[PDB]
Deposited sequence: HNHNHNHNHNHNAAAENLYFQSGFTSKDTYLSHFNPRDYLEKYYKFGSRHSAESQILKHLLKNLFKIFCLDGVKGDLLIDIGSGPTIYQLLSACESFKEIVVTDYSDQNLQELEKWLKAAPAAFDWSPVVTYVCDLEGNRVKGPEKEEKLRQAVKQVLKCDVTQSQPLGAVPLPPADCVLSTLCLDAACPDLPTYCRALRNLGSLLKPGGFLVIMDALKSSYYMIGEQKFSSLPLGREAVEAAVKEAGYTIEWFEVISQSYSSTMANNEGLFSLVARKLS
């Protein structure tokens, strides 16, 4: 299984964004995140776990959370995030994704307004390791109202016991009754970024549900989509989305 130090050196954030941000999946993820945050889940603080170099998973969340903390294992990934946050020239063009979210939300606001709301919400950009009892290391944070994690845990966990432990580790960042939002690939053993291969833990819906209950959460809803990534990218059998609450 891919060692975590491989994410520091061999995960190219720009290439990842070019390759995936595939469109049918992105549309579905955006609809689900809009449903969760704008049509319910809210608070003062949301922690996004394994953010990578993406901002798409935060576009509807910034309407419901005063503060958003973005986290990842890779320093290169956080640097790419910060380029967009600081509106740098070499920052990735999220404008077609931003326009799509504005349409879903009833066309209340336009693209630049949406982007400014996200940039204002993101207060901290932090290093994280989901395999650690303290994922944020020595960095102190108030208990979060919500912990979000998109397409991370399958890639970060080498086996089912580590996956369950990672869910418990994420729980330590959550207030009692706090929400856990996870969206990830089903039965995927790898994913590609050009010629670079990355391992993935191939989990079915039953193993995901069991791990979440074992980790001390109650599931509110669980959705499975049949849509898989292109043959050239991965071997997944769809994706899942779940909303759970910490016991």
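Walk along the deposited sequence from position 1 and note every stretch that has no C-alpha coordinates. Residues lacking C-alpha coordinates: 1-23, 45-52, 71, 280.
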